[PDB]
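To keep things clear, I will list the structure first and then write my remarks on it.
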Amino acid sequence: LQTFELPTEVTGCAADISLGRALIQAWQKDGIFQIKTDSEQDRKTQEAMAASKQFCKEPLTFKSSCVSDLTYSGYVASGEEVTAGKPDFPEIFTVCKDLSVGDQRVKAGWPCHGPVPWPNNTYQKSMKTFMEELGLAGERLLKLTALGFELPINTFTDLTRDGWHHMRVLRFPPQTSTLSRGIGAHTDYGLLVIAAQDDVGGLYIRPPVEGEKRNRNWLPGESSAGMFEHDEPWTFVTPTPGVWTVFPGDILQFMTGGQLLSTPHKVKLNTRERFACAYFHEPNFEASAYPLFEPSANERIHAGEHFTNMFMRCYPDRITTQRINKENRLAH
Ligand SMILES: O=C(O)CCC(=O)C(=O)O
Ligand SMILES: [Mn+2]
């Protein structure tokens, strides 16, 4: 895979435009590239992964208490069945925008808005500072992408102001310990996905395949789930120190008219447990994404509406979903 070092500030100089061209080319050929982490980005990744490992060592009663009826942030034990001798399962802690009940959007009952049920304040601090760095990387990447497409440098800036960025903090069990098979082929609904992983290995991505029609996962009727899972090609994302991976999400596919494709990906379970984090760089919850290259187009996709429906469908029995239904929160 290509690995690039990003500049700290993207200003629009010739080097920035050149880098944007190269990022687009790498996505168009490989579906993914790596970005070099600096010493602080790396340190903060390691501290977040350590906090994740410590949290997963807590008893299940405690982990299961890290839930909220206002936000989807918090813990889920994935799956619905276990057996004797296969008692383990994937675990996710989702971090969405951390808004207290003092925030006006929370007071107004906006769906998905509320405070993260942090397990402790060291996990909180570790995840917040990691997500701050991930957000800055996302902004650099979007400015470079704009420059590479000959668009204004700040094309994405209003769209992502106070963006609804969120992250899944993941633990996958060893294959022999679980009835889970990992995560099947899917795409992520976001502008960009920035991901980190430990040394165990398990992530596979599907590059662009010339002539291969792709479902447009921003449309409810074109779910990408499961598609191509058993068909070649799948690229193994070899664990590599000192990098994050980056691929386009569904929103960038929409905005670019398919010049970038949302990268399908899947996770296979290994012989050891595996830790990873997947960060989703997003528009503002209230913003609508639009075609960048079709100025006459009136079609839009509303980020907040899609986020809410996706979480409601993925976690239909969570207290968060029950409260959305009880209070008819979709009406906001
Ligand atoms: O486990 C990984 O490396 C990626 C996980 C993922 O794709 C997700 O949480 O959407
Ligand atoms: Mn994913």
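All heavy atoms count here, side chains included; hydrogens, waters and symmetry mates do not. Counting convention: from 1, in listed order, for ligands and their atoms alike. Counting from 1, the numbers follow the sequence of the chain as shown.
- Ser262 and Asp250 share a side-chain donor-acceptor pair at under 3.5 Å.
- Heavy-atom contacts of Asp188 reach the following atoms of ligand 1: 10 (O) (cutoff under 4.0 Å).
- Note: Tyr279 and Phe130 fail the aromatic proximity criterion, with ring centroids not under 6.0 Å apart.
- The atom name of the N/O/S atom in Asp188 closest to the Mn ion (ligand 2) is OD1.
- Taking a cut-off of under 4.0 Å to the non-hydrogen atoms of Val267, the atoms of ligand 1 that pass are 1 (O), 2 (C).
- The protein non-hydrogen atom at the shortest distance from atom 5 (C) of ligand 1 is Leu170 CD1, 3.7 Å.
- Taking every non-hydrogen atom of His265 and a distance limit under 4.0 Å, the qualifying atoms of ligand 1 come out as 7 (O).
- Heavy-atom contacts of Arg274 reach the following atoms of ligand 1: 1 (O), 2 (C), 3 (O) (cutoff under 4.0 Å).
- Atom numbering of ligand 1 starts at 1 in the shown order; those under 4.0 Å from a heavy atom of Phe280 are 10 (O).
- Here the closest heavy-atom approach between residue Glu81 and residue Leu179 is recorded as O-CD1, 3.7 Å.
- Counting all heavy atoms, side chain and backbone alike, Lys29 lies closest to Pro208 at O-CD, 3.9 Å.
- Proximity to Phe172 (heavy-atom distance under 4.0 Å) selects the following atoms of ligand 1: 1 (O).
- Side chain of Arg300 to backbone of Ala297: a donor-acceptor contact under 3.5 angstrom is found.
- The two residues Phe89 and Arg171 make their nearest non-hydrogen contact at O-NH1, 3.5 Å.
- Near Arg168, with a cut-off below 4.0 Å to any heavy atom, the atoms of ligand 1 are 8 (C), 9 (O), 10 (O).
- The ligand atoms of ligand 1 that sit less than 4.0 angstrom from a heavy atom of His186 are 7 (O), 10 (O).
- A cation-pi arrangement is absent between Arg318 and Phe311 under the rule of less than 6.0 angstrom and at most 45 degrees off the ring axis.
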